[PDB]
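Participant: Below is the sequence, then the experimental coordinates.
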Amino acid sequence: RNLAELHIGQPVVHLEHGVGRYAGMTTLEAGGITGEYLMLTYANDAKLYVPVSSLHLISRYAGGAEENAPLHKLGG
């Protein structure tokens, strides 16, 4: 997956935590690194941000029943 062309609500796996629900994109301005970031939502509406330079760490679920794809939690 090249990401970016992702579908809203699409189940995608984060190599760090696992399957989550993709939700649009957010732009983040860090001290040094500013740019476009991926926005993901996990259990308890946990917000995940993934840099567009780390997209290849994200994978699309692609199991079959994408609507019944599970949802992991983040440790906020």
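Facilitator: Sure thing, it's come through. Numbers count the residues shown, from 1 in each chain.
Participant: Every contact and neighbour count from this point should use C-alpha atoms.
Facilitator: OK.
Participant: Give me the longest strand you can find in the chain.
Facilitator: Assignment by DSSP state E gives strand 18-29 as the longest strand of the chain.
Participant: name the helices or strands packed onto it?
Facilitator: Under the contact definition 3 or more Cα pairs under 8 Å, 6 or more residues apart in numbering; DSSP states H and E, strand 18-29 sits against strand 11-14, strand 34-41.
Participant: and that strand, which strands flank it?
Facilitator: strand 11-14 (antiparallel), strand 34-41 (antiparallel) (DSSP bridges).
Participant: and residue 50, bridged to which residues?
Facilitator: Going by DSSP bridges, residue 50 forms beta bridges with residue 38.
Participant: That one: neighbour count?
Facilitator: Applying other Cα atoms under 10 Å, we find 18 other residues in the vicinity of residue 50.
Participant: For it, list the residues it contacts.
Facilitator: 37, 38, 39, 40 (Cα atoms under 8 Å, 6 or more residues apart in numbering).
Participant: Surely residue 69 is in contact with residue 11?
Facilitator: Yes - using Cα atoms under 8 Å, residue 69 and residue 11 qualify as a contacting pair, with a distance of 6.6 Å.
Participant: who's more crowded, these two?
Facilitator: residue 11 (28 against 16).
Participant: Give the bridge partners for the nearest residue to the more buried one once chain neighbours are set aside, please.
Facilitator: Residue nearest to residue 11 in three dimensions, not counting chain neighbours: residue 21, with 4.8 Å by Cα to Cα, 6 or more residues apart in numbering. Beta-bridge partners recorded for residue 21 (DSSP bridges): residue 11, residue 41.
Participant: So residue 21 versus residue 73, what's the distance?
Facilitator: When distance is defined by Cα to Cα, to the nearest Å, residue 21 is 11 Å away from residue 73.
Participant: intersection of neighbour lists for the two?
Facilitator: Joint contacts of residue 21 and residue 73 (Cα under 8 Å, 6+ apart) are residue 42.
Participant: intersection of neighbour lists for residue 69 and residue 11?
Facilitator: Joint contacts of residue 69 and residue 11 (Cα under 8 Å, 6+ apart) are 19, 61.
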